[PDB]
$ cat work-v8.pdb   # PDB, C-alpha atoms
ATOM      1  CA  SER T   2    -178.107-119.581  -1.948
ATOM      2  CA  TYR T   3    -181.742-119.226  -2.987
ATOM      3  CA  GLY T   4    -184.283-116.872  -4.533
ATOM      4  CA  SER T   5    -187.967-116.473  -3.702
ATOM      5  CA  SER T   6    -190.935-114.438  -4.908
ATOM      6  CA  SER T   7    -194.620-114.223  -4.013
ATOM      7  CA  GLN T   8    -197.666-112.331  -5.268
ATOM      8  CA  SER T   9    -201.085-111.958  -3.644
ATOM      9  CA  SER T  10    -204.233-110.354  -5.053
ATOM     10  CA  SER T  11    -207.789-110.144  -3.717
ATOM     11  CA  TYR T  12    -211.146-108.564  -4.555
ATOM     12  CA  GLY T  13    -214.079-107.836  -2.228
ATOM     13  CA  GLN T  14    -217.725-107.929  -3.363
ATOM     14  CA  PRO T  15    -216.976-106.606  -6.906
ATOM     15  CA  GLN T  16    -219.691-105.600  -9.410
ATOM     16  CA  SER T  17    -222.619-104.788  -7.095
ATOM     17  CA  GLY T  18    -223.963-101.658  -8.854
ATOM     18  CA  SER T  19    -227.274-101.674 -10.745
ATOM     19  CA  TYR T  20    -228.360-100.444 -14.185
ATOM     20  CA  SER T  21    -224.828-100.066 -15.550
ATOM     21  CA  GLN T  22    -222.040-101.602 -17.618
ATOM     22  CA  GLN T  23    -219.595-103.423 -15.373
ATOM     23  CA  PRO T  24    -217.322-105.585 -17.549
ATOM     24  CA  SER T  25    -214.296-107.139 -15.826
ATOM     25  CA  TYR T  26    -210.976-108.153 -17.395
ATOM     26  CA  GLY T  27    -208.053-109.786 -15.572
ATOM     27  CA  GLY T  28    -204.514-108.383 -15.880
ATOM     28  CA  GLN T  29    -201.003-109.861 -16.153
ATOM     29  CA  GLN T  30    -198.724-111.136 -13.369
ATOM     30  CA  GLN T  31    -195.196-112.580 -13.618
ATOM     31  CA  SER T  32    -193.241-114.077 -10.741
ATOM     32  CA  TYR T  33    -189.616-115.152 -11.014
ATOM     33  CA  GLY T  34    -187.887-117.163  -8.284
ATOM     34  CA  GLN T  35    -184.563-118.755  -9.163
ATOM     35  CA  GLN T  36    -180.928-119.340  -8.308
ATOM     36  CA  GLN T  37    -178.240-119.326 -11.010
ATOM     37  CA  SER T  38    -174.549-120.211 -10.950
ATOM     38  CA  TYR T  39    -171.832-120.240 -13.611
ATOM     39  CA  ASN T  40    -168.843-122.571 -13.337
TER      40      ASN T  40
ATOM     41  CA  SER U   2    -179.365-123.889  -3.969
ATOM     42  CA  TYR U   3    -183.038-123.555  -4.861
ATOM     43  CA  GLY U   4    -185.671-121.230  -6.289
ATOM     44  CA  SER U   5    -189.324-120.872  -5.322
ATOM     45  CA  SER U   6    -192.351-118.859  -6.400
ATOM     46  CA  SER U   7    -196.003-118.686  -5.363
ATOM     47  CA  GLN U   8    -199.114-116.815  -6.487
ATOM     48  CA  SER U   9    -202.471-116.490  -4.732
ATOM     49  CA  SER U  10    -205.688-114.909  -6.005
ATOM     50  CA  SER U  11    -209.193-114.745  -4.530
ATOM     51  CA  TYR U  12    -212.597-113.194  -5.231
ATOM     52  CA  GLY U  13    -215.442-112.516  -2.787
ATOM     53  CA  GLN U  14    -219.126-112.635  -3.787
ATOM     54  CA  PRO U  15    -218.531-111.280  -7.346
ATOM     55  CA  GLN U  16    -221.346-110.278  -9.735
ATOM     56  CA  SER U  17    -224.190-109.516  -7.300
ATOM     57  CA  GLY U  18    -225.630-106.382  -8.979
ATOM     58  CA  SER U  19    -229.013-106.415 -10.747
ATOM     59  CA  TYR U  20    -230.246-105.181 -14.138
ATOM     60  CA  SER U  21    -226.770-104.759 -15.618
ATOM     61  CA  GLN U  22    -224.047-106.240 -17.809
ATOM     62  CA  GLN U  23    -221.500-108.057 -15.678
ATOM     63  CA  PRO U  24    -219.286-110.175 -17.957
ATOM     64  CA  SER U  25    -216.181-111.709 -16.362
ATOM     65  CA  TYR U  26    -212.913-112.675 -18.065
ATOM     66  CA  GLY U  27    -209.907-114.294 -16.366
ATOM     67  CA  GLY U  28    -206.397-112.852 -16.800
ATOM     68  CA  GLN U  29    -202.883-114.292 -17.215
ATOM     69  CA  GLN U  30    -200.490-115.568 -14.531
ATOM     70  CA  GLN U  31    -196.960-116.974 -14.925
ATOM     71  CA  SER U  32    -194.882-118.472 -12.136
ATOM     72  CA  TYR U  33    -191.258-119.508 -12.556
ATOM     73  CA  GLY U  34    -189.415-121.528  -9.912
ATOM     74  CA  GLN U  35    -186.101-123.066 -10.924
ATOM     75  CA  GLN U  36    -182.431-123.626 -10.214
ATOM     76  CA  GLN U  37    -179.851-123.561 -13.017
ATOM     77  CA  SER U  38    -176.151-124.407 -13.104
ATOM     78  CA  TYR U  39    -173.538-124.385 -15.866
ATOM     79  CA  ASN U  40    -170.515-126.687 -15.729
TER      80      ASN U  40
ATOM     81  CA  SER C   2    -180.660-128.204  -5.959
ATOM     82  CA  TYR C   3    -184.365-127.894  -6.716
ATOM     83  CA  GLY C   4    -187.074-125.587  -8.027
ATOM     84  CA  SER C   5    -190.691-125.276  -6.924
ATOM     85  CA  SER C   6    -193.776-123.284  -7.877
ATOM     86  CA  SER C   7    -197.387-123.156  -6.708
ATOM     87  CA  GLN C   8    -200.557-121.309  -7.703
ATOM     88  CA  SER C   9    -203.850-121.035  -5.824
ATOM     89  CA  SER C  10    -207.127-119.474  -6.964
ATOM     90  CA  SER C  11    -210.578-119.361  -5.364
ATOM     91  CA  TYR C  12    -214.019-117.839  -5.928
ATOM     92  CA  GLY C  13    -216.781-117.210  -3.376
ATOM     93  CA  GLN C  14    -220.498-117.357  -4.246
ATOM     94  CA  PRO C  15    -220.045-115.969  -7.813
ATOM     95  CA  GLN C  16    -222.955-114.973 -10.088
ATOM     96  CA  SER C  17    -225.717-114.260  -7.549
ATOM     97  CA  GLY C  18    -227.247-111.129  -9.146
ATOM     98  CA  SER C  19    -230.689-111.180 -10.789
ATOM     99  CA  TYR C  20    -232.057-109.932 -14.124
ATOM    100  CA  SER C  21    -228.641-109.463 -15.725
ATOM    101  CA  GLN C  22    -225.982-110.892 -18.024
ATOM    102  CA  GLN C  23    -223.344-112.702 -16.001
ATOM    103  CA  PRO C  24    -221.196-114.779 -18.380
ATOM    104  CA  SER C  25    -218.017-116.291 -16.910
ATOM    105  CA  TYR C  26    -214.804-117.212 -18.740
ATOM    106  CA  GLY C  27    -211.721-118.816 -17.166
ATOM    107  CA  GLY C  28    -208.243-117.333 -17.711
ATOM    108  CA  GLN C  29    -204.730-118.732 -18.264
ATOM    109  CA  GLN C  30    -202.233-120.008 -15.677
ATOM    110  CA  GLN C  31    -198.706-121.377 -16.213
ATOM    111  CA  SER C  32    -196.512-122.875 -13.514
ATOM    112  CA  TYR C  33    -192.896-123.871 -14.073
ATOM    113  CA  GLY C  34    -190.941-125.898 -11.514
ATOM    114  CA  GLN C  35    -187.646-127.383 -12.662
ATOM    115  CA  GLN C  36    -183.947-127.917 -12.088
ATOM    116  CA  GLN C  37    -181.473-127.800 -14.982
ATOM    117  CA  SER C  38    -177.771-128.608 -15.208
ATOM    118  CA  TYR C  39    -175.259-128.535 -18.061
ATOM    119  CA  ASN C  40    -172.210-130.807 -18.052
TER     120      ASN C  40
ATOM    121  CA  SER E   2    -181.966-132.492  -7.978
ATOM    122  CA  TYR E   3    -185.703-132.224  -8.592
ATOM    123  CA  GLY E   4    -188.487-129.938  -9.779
ATOM    124  CA  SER E   5    -192.067-129.675  -8.540
ATOM    125  CA  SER E   6    -195.202-127.705  -9.351
ATOM    126  CA  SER E   7    -198.773-127.630  -8.051
ATOM    127  CA  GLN E   8    -201.991-125.802  -8.905
ATOM    128  CA  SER E   9    -205.213-125.576  -6.901
ATOM    129  CA  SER E  10    -208.545-124.045  -7.906
ATOM    130  CA  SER E  11    -211.934-123.986  -6.173
ATOM    131  CA  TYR E  12    -215.410-122.492  -6.590
ATOM    132  CA  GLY E  13    -218.084-121.913  -3.934
ATOM    133  CA  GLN E  14    -221.828-122.094  -4.661
ATOM    134  CA  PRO E  15    -221.524-120.668  -8.229
ATOM    135  CA  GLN E  16    -224.526-119.683 -10.386
ATOM    136  CA  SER E  17    -227.200-119.027  -7.738
ATOM    137  CA  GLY E  18    -228.818-115.894  -9.243
ATOM    138  CA  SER E  19    -232.326-115.968 -10.762
ATOM    139  CA  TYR E  20    -233.836-114.712 -14.034
ATOM    140  CA  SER E  21    -230.481-114.189 -15.743
ATOM    141  CA  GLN E  22    -227.901-115.575 -18.160
ATOM    142  CA  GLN E  23    -225.165-117.368 -16.259
ATOM    143  CA  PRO E  24    -223.085-119.400 -18.735
ATOM    144  CA  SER E  25    -219.839-120.891 -17.403
ATOM    145  CA  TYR E  26    -216.686-121.761 -19.357
ATOM    146  CA  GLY E  27    -213.532-123.350 -17.915
ATOM    147  CA  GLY E  28    -210.094-121.825 -18.580
ATOM    148  CA  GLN E  29    -206.593-123.183 -19.283
ATOM    149  CA  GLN E  30    -203.983-124.449 -16.804
ATOM    150  CA  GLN E  31    -200.465-125.775 -17.479
ATOM    151  CA  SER E  32    -198.157-127.276 -14.880
ATOM    152  CA  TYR E  33    -194.555-128.227 -15.587
ATOM    153  CA  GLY E  34    -192.484-130.253 -13.126
ATOM    154  CA  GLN E  35    -189.217-131.706 -14.398
ATOM    155  CA  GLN E  36    -185.491-132.191 -13.970
ATOM    156  CA  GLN E  37    -183.134-132.027 -16.958
ATOM    157  CA  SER E  38    -179.435-132.787 -17.332
ATOM    158  CA  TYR E  39    -177.032-132.667 -20.278
ATOM    159  CA  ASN E  40    -173.962-134.906 -20.411
TER     160      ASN E  40
ATOM    161  CA  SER R   2    -215.137 -91.810 -33.817
ATOM    162  CA  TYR R   3    -212.614 -94.609 -33.354
ATOM    163  CA  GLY R   4    -209.540 -95.692 -31.414
ATOM    164  CA  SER R   5    -206.578 -97.744 -32.607
ATOM    165  CA  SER R   6    -203.367 -99.174 -31.177
ATOM    166  CA  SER R   7    -200.518-101.307 -32.506
ATOM    167  CA  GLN R   8    -197.363-102.894 -31.101
ATOM    168  CA  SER R   9    -194.437-104.450 -32.967
ATOM    169  CA  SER R  10    -191.444-106.338 -31.570
ATOM    170  CA  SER R  11    -188.598-108.204 -33.274
ATOM    171  CA  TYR R  12    -185.369-110.026 -32.426
ATOM    172  CA  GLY R  13    -182.385-110.746 -34.689
ATOM    173  CA  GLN R  14    -180.189-113.849 -34.329
ATOM    174  CA  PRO R  15    -180.490-113.997 -30.486
ATOM    175  CA  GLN R  16    -178.436-116.365 -28.289
ATOM    176  CA  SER R  17    -175.399-117.035 -30.506
ATOM    177  CA  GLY R  18    -172.634-116.912 -27.849
ATOM    178  CA  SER R  19    -170.767-120.040 -26.729
ATOM    179  CA  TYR R  20    -169.866-121.504 -23.328
ATOM    180  CA  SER R  21    -172.289-119.334 -21.358
ATOM    181  CA  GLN R  22    -175.688-119.072 -19.689
ATOM    182  CA  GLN R  23    -178.182-117.469 -22.042
ATOM    183  CA  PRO R  24    -181.698-117.976 -20.636
ATOM    184  CA  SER R  25    -184.509-116.019 -22.314
ATOM    185  CA  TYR R  26    -187.799-114.872 -20.784
ATOM    186  CA  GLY R  27    -190.566-112.996 -22.600
ATOM    187  CA  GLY R  28    -192.063-109.805 -21.136
ATOM    188  CA  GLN R  29    -195.556-108.267 -20.927
ATOM    189  CA  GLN R  30    -197.446-106.252 -23.561
ATOM    190  CA  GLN R  31    -200.918-104.673 -23.353
ATOM    191  CA  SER R  32    -202.718-102.977 -26.217
ATOM    192  CA  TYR R  33    -206.003-101.127 -25.816
ATOM    193  CA  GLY R  34    -208.043 -99.943 -28.800
ATOM    194  CA  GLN R  35    -211.609 -98.853 -28.128
ATOM    195  CA  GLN R  36    -214.330 -96.259 -28.523
ATOM    196  CA  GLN R  37    -216.701 -95.438 -25.655
ATOM    197  CA  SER R  38    -219.832 -93.298 -25.455
ATOM    198  CA  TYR R  39    -222.248 -92.465 -22.641
ATOM    199  CA  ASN R  40    -225.872 -91.568 -23.363
TER     200      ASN R  40
ATOM    201  CA  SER F   2    -217.712 -95.999 -34.042
ATOM    202  CA  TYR F   3    -215.147 -98.778 -33.726
ATOM    203  CA  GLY F   4    -212.010 -99.899 -31.918
ATOM    204  CA  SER F   5    -209.069-101.895 -33.244
ATOM    205  CA  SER F   6    -205.807-103.329 -31.946
ATOM    206  CA  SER F   7    -202.982-105.403 -33.415
ATOM    207  CA  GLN F   8    -199.773-106.997 -32.149
ATOM    208  CA  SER F   9    -196.896-108.486 -34.141
ATOM    209  CA  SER F  10    -193.849-110.383 -32.882
ATOM    210  CA  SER F  11    -191.041-112.177 -34.722
ATOM    211  CA  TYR F  12    -187.770-113.992 -34.012
ATOM    212  CA  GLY F  13    -184.857-114.632 -36.386
ATOM    213  CA  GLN F  14    -182.624-117.724 -36.164
ATOM    214  CA  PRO F  15    -182.801-117.968 -32.322
ATOM    215  CA  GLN F  16    -180.659-120.369 -30.248
ATOM    216  CA  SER F  17    -177.690-120.959 -32.575
ATOM    217  CA  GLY F  18    -174.850-120.865 -29.998
ATOM    218  CA  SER F  19    -172.921-124.004 -29.003
ATOM    219  CA  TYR F  20    -171.896-125.554 -25.673
ATOM    220  CA  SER F  21    -174.275-123.439 -23.593
ATOM    221  CA  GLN F  22    -177.618-123.241 -21.806
ATOM    222  CA  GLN F  23    -180.199-121.611 -24.043
ATOM    223  CA  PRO F  24    -183.658-122.186 -22.529
ATOM    224  CA  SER F  25    -186.531-120.207 -24.075
ATOM    225  CA  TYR F  26    -189.787-119.129 -22.412
ATOM    226  CA  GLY F  27    -192.632-117.229 -24.103
ATOM    227  CA  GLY F  28    -194.105-114.082 -22.516
ATOM    228  CA  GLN F  29    -197.601-112.581 -22.159
ATOM    229  CA  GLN F  30    -199.587-110.523 -24.686
ATOM    230  CA  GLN F  31    -203.064-108.981 -24.329
ATOM    231  CA  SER F  32    -204.968-107.232 -27.097
ATOM    232  CA  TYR F  33    -208.257-105.424 -26.549
ATOM    233  CA  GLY F  34    -210.396-104.203 -29.450
ATOM    234  CA  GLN F  35    -213.940-103.137 -28.630
ATOM    235  CA  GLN F  36    -216.699-100.564 -28.880
ATOM    236  CA  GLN F  37    -218.984 -99.830 -25.922
ATOM    237  CA  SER F  38    -222.123 -97.721 -25.582
ATOM    238  CA  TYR F  39    -224.447 -96.970 -22.666
ATOM    239  CA  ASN F  40    -228.101 -96.089 -23.254
TER     240      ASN F  40
ATOM    241  CA  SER N   2    -220.247-100.225 -34.283
ATOM    242  CA  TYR N   3    -217.653-102.988 -34.107
ATOM    243  CA  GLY N   4    -214.449-104.118 -32.422
ATOM    244  CA  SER N   5    -211.538-106.063 -33.885
ATOM    245  CA  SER N   6    -208.226-107.496 -32.721
ATOM    246  CA  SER N   7    -205.431-109.512 -34.322
ATOM    247  CA  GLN N   8    -202.172-111.108 -33.191
ATOM    248  CA  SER N   9    -199.349-112.529 -35.305
ATOM    249  CA  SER N  10    -196.249-114.426 -34.186
ATOM    250  CA  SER N  11    -193.485-116.158 -36.146
ATOM    251  CA  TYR N  12    -190.179-117.959 -35.587
ATOM    252  CA  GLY N  13    -187.334-118.518 -38.065
ATOM    253  CA  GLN N  14    -185.076-121.600 -37.983
ATOM    254  CA  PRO N  15    -185.130-121.929 -34.142
ATOM    255  CA  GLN N  16    -182.905-124.353 -32.189
ATOM    256  CA  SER N  17    -180.005-124.872 -34.620
ATOM    257  CA  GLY N  18    -177.082-124.809 -32.136
ATOM    258  CA  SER N  19    -175.102-127.954 -31.274
ATOM    259  CA  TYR N  20    -173.965-129.569 -28.011
ATOM    260  CA  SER N  21    -176.291-127.524 -25.807
ATOM    261  CA  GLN N  22    -179.576-127.389 -23.910
ATOM    262  CA  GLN N  23    -182.241-125.731 -26.028
ATOM    263  CA  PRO N  24    -185.648-126.364 -24.422
ATOM    264  CA  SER N  25    -188.584-124.379 -25.830
ATOM    265  CA  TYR N  26    -191.793-123.366 -24.044
ATOM    266  CA  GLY N  27    -194.704-121.457 -25.604
ATOM    267  CA  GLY N  28    -196.150-118.358 -23.902
ATOM    268  CA  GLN N  29    -199.644-116.893 -23.401
ATOM    269  CA  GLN N  30    -201.723-114.795 -25.817
ATOM    270  CA  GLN N  31    -205.201-113.292 -25.322
ATOM    271  CA  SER N  32    -207.205-111.499 -27.988
ATOM    272  CA  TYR N  33    -210.488-109.730 -27.297
ATOM    273  CA  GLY N  34    -212.726-108.462 -30.100
ATOM    274  CA  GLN N  35    -216.253-107.444 -29.152
ATOM    275  CA  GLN N  36    -219.040-104.892 -29.261
ATOM    276  CA  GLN N  37    -221.234-104.243 -26.214
ATOM    277  CA  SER N  38    -224.378-102.171 -25.725
ATOM    278  CA  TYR N  39    -226.615-101.503 -22.724
ATOM    279  CA  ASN N  40    -230.291-100.639 -23.170
TER     280      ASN N  40
ATOM    281  CA  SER J   2    -222.769-104.441 -34.515
ATOM    282  CA  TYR J   3    -220.151-107.192 -34.491
ATOM    283  CA  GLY J   4    -216.885-108.338 -32.943
ATOM    284  CA  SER J   5    -214.005-110.229 -34.538
ATOM    285  CA  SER J   6    -210.645-111.654 -33.511
ATOM    286  CA  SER J   7    -207.889-113.617 -35.243
ATOM    287  CA  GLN J   8    -204.581-115.204 -34.259
ATOM    288  CA  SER J   9    -201.816-116.549 -36.493
ATOM    289  CA  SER J  10    -198.666-118.444 -35.517
ATOM    290  CA  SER J  11    -195.955-120.108 -37.609
ATOM    291  CA  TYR J  12    -192.618-121.895 -37.194
ATOM    292  CA  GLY J  13    -189.849-122.377 -39.769
ATOM    293  CA  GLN J  14    -187.570-125.441 -39.832
ATOM    294  CA  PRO J  15    -187.496-125.857 -36.003
ATOM    295  CA  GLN J  16    -185.189-128.302 -34.176
ATOM    296  CA  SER J  17    -182.367-128.743 -36.713
ATOM    297  CA  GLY J  18    -179.367-128.710 -34.323
ATOM    298  CA  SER J  19    -177.334-131.864 -33.594
ATOM    299  CA  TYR J  20    -176.084-133.545 -30.403
ATOM    300  CA  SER J  21    -178.356-131.556 -28.095
ATOM    301  CA  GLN J  22    -181.576-131.504 -26.085
ATOM    302  CA  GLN J  23    -184.319-129.820 -28.073
ATOM    303  CA  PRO J  24    -187.667-130.515 -26.372
ATOM    304  CA  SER J  25    -190.659-128.524 -27.641
ATOM    305  CA  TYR J  26    -193.819-127.578 -25.731
ATOM    306  CA  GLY J  27    -196.796-125.660 -27.150
ATOM    307  CA  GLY J  28    -198.211-122.613 -25.334
ATOM    308  CA  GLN J  29    -201.697-121.189 -24.691
ATOM    309  CA  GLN J  30    -203.867-119.057 -26.994
ATOM    310  CA  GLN J  31    -207.338-117.596 -26.352
ATOM    311  CA  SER J  32    -209.443-115.759 -28.908
ATOM    312  CA  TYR J  33    -212.714-114.033 -28.069
ATOM    313  CA  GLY J  34    -215.049-112.725 -30.770
ATOM    314  CA  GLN J  35    -218.556-111.758 -29.693
ATOM    315  CA  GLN J  36    -221.356-109.215 -29.646
ATOM    316  CA  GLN J  37    -223.461-108.660 -26.519
ATOM    317  CA  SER J  38    -226.597-106.623 -25.885
ATOM    318  CA  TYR J  39    -228.748-106.048 -22.800
ATOM    319  CA  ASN J  40    -232.446-105.209 -23.109
TER     320      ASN J  40
END
$ encode --input "work-v8.pdb" --output "structure tokens"
Amino acid sequence: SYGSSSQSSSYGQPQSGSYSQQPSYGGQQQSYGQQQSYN
Amino acid sequence: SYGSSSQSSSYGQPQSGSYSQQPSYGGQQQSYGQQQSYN
Amino acid sequence: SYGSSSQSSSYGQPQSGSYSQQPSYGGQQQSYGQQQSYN
Amino acid sequence: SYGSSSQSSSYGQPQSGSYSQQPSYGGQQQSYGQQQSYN
Amino acid sequence: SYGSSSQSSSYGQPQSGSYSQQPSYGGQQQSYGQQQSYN
Amino acid sequence: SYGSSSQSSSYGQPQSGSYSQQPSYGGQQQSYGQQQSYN
Amino acid sequence: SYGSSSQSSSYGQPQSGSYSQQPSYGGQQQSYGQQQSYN
Amino acid sequence: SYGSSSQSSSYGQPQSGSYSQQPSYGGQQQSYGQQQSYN
């Protein structure tokens, strides 16, 4: 009688190039873990 | 009768390039862990 | 009859490049851990 | 009959580059841990 | 020489039922509007 | 030589039901409006 | 040579029901408006 | 050669119900407006 969720993200040595435009923007993550009961 | 959620994020040696534009912006994360009951 | 949530974030040796623009801005994180009951 | 939340953040040797702009701005974190009951 | 994007969302009289579980969670939206040029 | 983005959201008379669980949680929105050039 | 972004949100007469649980939590919004150039 | 961002939020007659739990929590908003140049 339970719910569970998990998210994992990782980056390795990002932005190592030279003479260039390397802007970085994070994204969106949503994790839902729940148990619901009615009456 | 429970709910659980977990999120993990990691970065390794970011922004090591030279002579470049390397701006960094964080993103959005939402974690929901709950148990609900009605009556 | 409980809810739980956890978030973990880490950075390793960030901003080590030379002769460059390396601005850093934090992001947004929201963690919800709760138990609700009606009547 | 309880709710719990936890957030952990860490940084390792940040801002070690030379001859560069390395401004640092913190982000936003919100943790909610509560138990609610009606009637 | 331009890019444009727009998103619109609306809800009308939501959650009006009685004696029920009506939890509401928002979703994710991403809008990109930009112009890029190389050399 | 420009980029533009816009997002609009609206709610009308939300949470008007009786004898019920009507929790409300906001979602995530990301708008990007920018112009980039290289050399 | 410019970037622009805008976000608008509105709520009308929220939480008007009786004898119920009507908790309200705000969400996350991120707006980026910028112009970048390299060399 | 400029960047601009704007966010607007409004609420109308919130929390008008009777005999109920109507807790209110604000959310998170981030606005970025800037112009960057390298060399």
$ resolve_selection --input "work-v8.pdb" --expression "the PyMOL selection byres ((chain J and resi 14) around 12)" --output "short mmCIF file (atom, residue, chain, number, x, y, z; two decimals) with C-alpha atoms, in the coordinates of the input"
data_model
loop_
_atom_site.label_atom_id
_atom_site.label_comp_id
_atom_site.auth_asym_id
_atom_site.auth_seq_id
_atom_site.Cartn_x
_atom_site.Cartn_y
_atom_site.Cartn_z
CA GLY F 13 -184.86 -114.63 -36.39
CA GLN F 14 -182.62 -117.72 -36.16
CA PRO F 15 -182.80 -117.97 -32.32
CA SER N 11 -193.48 -116.16 -36.15
CA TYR N 12 -190.18 -117.96 -35.59
CA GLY N 13 -187.33 -118.52 -38.06
CA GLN N 14 -185.08 -121.60 -37.98
CA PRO N 15 -185.13 -121.93 -34.14
CA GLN N 16 -182.90 -124.35 -32.19
CA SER N 17 -180.00 -124.87 -34.62
CA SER J 11 -195.96 -120.11 -37.61
CA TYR J 12 -192.62 -121.90 -37.19
CA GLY J 13 -189.85 -122.38 -39.77
CA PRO J 15 -187.50 -125.86 -36.00
CA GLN J 16 -185.19 -128.30 -34.18
CA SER J 17 -182.37 -128.74 -36.71
CA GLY J 18 -179.37 -128.71 -34.32
#
$ closest_atom_pairs --input "work-v8.pdb" --of "chain U" --to "chain F" --cutoff "12 Å" --atoms "all atoms listed in the file" --output "CSV"
residue,atom,partner,partner_atom,distance
U:21,CA,F:39,CA,10.8
U:22,CA,F:39,CA,10.5
U:27,CA,F:31,CA,11.8
U:28,CA,F:31,CA,9.1
U:29,CA,F:29,CA,7.4
U:30,CA,F:29,CA,8.7
U:31,CA,F:29,CA,8.5
U:32,CA,F:28,CA,11.3
U:33,CA,F:26,CA,10.0
U:35,CA,F:24,CA,11.9
U:37,CA,F:22,CA,9.1
U:38,CA,F:22,CA,8.9
U:39,CA,F:22,CA,7.3
U:40,CA,F:21,CA,9.3
$ calpha_fit_and_write --input "work-v8.pdb" --fixed "chain R" --moving "chain U" --output "PDB file with C-alpha atoms, in the frame of the given file"
ATOM      1  CA  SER U   2    -215.141 -91.806 -33.816  1.00  0.00           C
ATOM      2  CA  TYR U   3    -212.614 -94.599 -33.355  1.00  0.00           C
ATOM      3  CA  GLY U   4    -209.542 -95.697 -31.423  1.00  0.00           C
ATOM      4  CA  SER U   5    -206.577 -97.748 -32.609  1.00  0.00           C
ATOM      5  CA  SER U   6    -203.370 -99.177 -31.175  1.00  0.00           C
ATOM      6  CA  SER U   7    -200.518-101.307 -32.504  1.00  0.00           C
ATOM      7  CA  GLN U   8    -197.363-102.896 -31.101  1.00  0.00           C
ATOM      8  CA  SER U   9    -194.438-104.451 -32.967  1.00  0.00           C
ATOM      9  CA  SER U  10    -191.447-106.340 -31.570  1.00  0.00           C
ATOM     10  CA  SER U  11    -188.598-108.202 -33.274  1.00  0.00           C
ATOM     11  CA  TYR U  12    -185.367-110.024 -32.425  1.00  0.00           C
ATOM     12  CA  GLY U  13    -182.385-110.742 -34.688  1.00  0.00           C
ATOM     13  CA  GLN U  14    -180.190-113.846 -34.327  1.00  0.00           C
ATOM     14  CA  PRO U  15    -180.490-114.000 -30.487  1.00  0.00           C
ATOM     15  CA  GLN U  16    -178.436-116.364 -28.289  1.00  0.00           C
ATOM     16  CA  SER U  17    -175.398-117.036 -30.508  1.00  0.00           C
ATOM     17  CA  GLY U  18    -172.638-116.904 -27.848  1.00  0.00           C
ATOM     18  CA  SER U  19    -170.768-120.036 -26.724  1.00  0.00           C
ATOM     19  CA  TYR U  20    -169.866-121.512 -23.325  1.00  0.00           C
ATOM     20  CA  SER U  21    -172.290-119.333 -21.368  1.00  0.00           C
ATOM     21  CA  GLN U  22    -175.686-119.071 -19.693  1.00  0.00           C
ATOM     22  CA  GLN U  23    -178.183-117.471 -22.046  1.00  0.00           C
ATOM     23  CA  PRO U  24    -181.694-117.977 -20.632  1.00  0.00           C
ATOM     24  CA  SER U  25    -184.501-116.017 -22.311  1.00  0.00           C
ATOM     25  CA  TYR U  26    -187.797-114.877 -20.779  1.00  0.00           C
ATOM     26  CA  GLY U  27    -190.571-112.998 -22.601  1.00  0.00           C
ATOM     27  CA  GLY U  28    -192.066-109.804 -21.135  1.00  0.00           C
ATOM     28  CA  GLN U  29    -195.557-108.267 -20.925  1.00  0.00           C
ATOM     29  CA  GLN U  30    -197.444-106.252 -23.559  1.00  0.00           C
ATOM     30  CA  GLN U  31    -200.918-104.676 -23.351  1.00  0.00           C
ATOM     31  CA  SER U  32    -202.720-102.976 -26.216  1.00  0.00           C
ATOM     32  CA  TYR U  33    -206.007-101.128 -25.813  1.00  0.00           C
ATOM     33  CA  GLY U  34    -208.044 -99.955 -28.803  1.00  0.00           C
ATOM     34  CA  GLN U  35    -211.606 -98.847 -28.128  1.00  0.00           C
ATOM     35  CA  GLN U  36    -214.331 -96.257 -28.524  1.00  0.00           C
ATOM     36  CA  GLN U  37    -216.701 -95.438 -25.656  1.00  0.00           C
ATOM     37  CA  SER U  38    -219.830 -93.298 -25.459  1.00  0.00           C
ATOM     38  CA  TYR U  39    -222.243 -92.464 -22.642  1.00  0.00           C
ATOM     39  CA  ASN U  40    -225.868 -91.567 -23.360  1.00  0.00           C
TER      40      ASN U  40
END
$ atom_distance --input "work-v8.pdb" --atom1 "atom CA of residue 2 of chain C" --atom2 "atom CA of residue 19 of chain N"
25.9 Å
$ atom_distance --input "work-v8.pdb" --atom1 "atom CA of residue 34 of chain N" --atom2 "atom CA of residue 34 of chain F"
4.9 Å
$ atom_distance --input "work-v8.pdb" --atom1 "atom CA of residue 23 of chain J" --atom2 "atom CA of residue 25 of chain F"
10.6 Å
$ resolve_selection --input "work-v8.pdb" --expression "the PyMOL selection byres ((chain J and resi 3) around 6)" --output "ChimeraX atom specification"
/N:3,36 /J:2,4,36
$ resolve_selection --input "work-v8.pdb" --expression "the PyMOL selection byres ((chain T and resi 5-9) around 6)" --output "tab-separated table (two decimals) with C-alpha atoms, keeping the file's coordinate frame"
chain	number	residue	atom	x	y	z
T	4	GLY	CA	-184.28	-116.87	-4.53
T	10	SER	CA	-204.23	-110.35	-5.05
T	34	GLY	CA	-187.89	-117.16	-8.28
U	4	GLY	CA	-185.67	-121.23	-6.29
U	5	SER	CA	-189.32	-120.87	-5.32
U	6	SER	CA	-192.35	-118.86	-6.40
U	7	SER	CA	-196.00	-118.69	-5.36
U	8	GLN	CA	-199.11	-116.82	-6.49
U	9	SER	CA	-202.47	-116.49	-4.73
U	10	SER	CA	-205.69	-114.91	-6.00
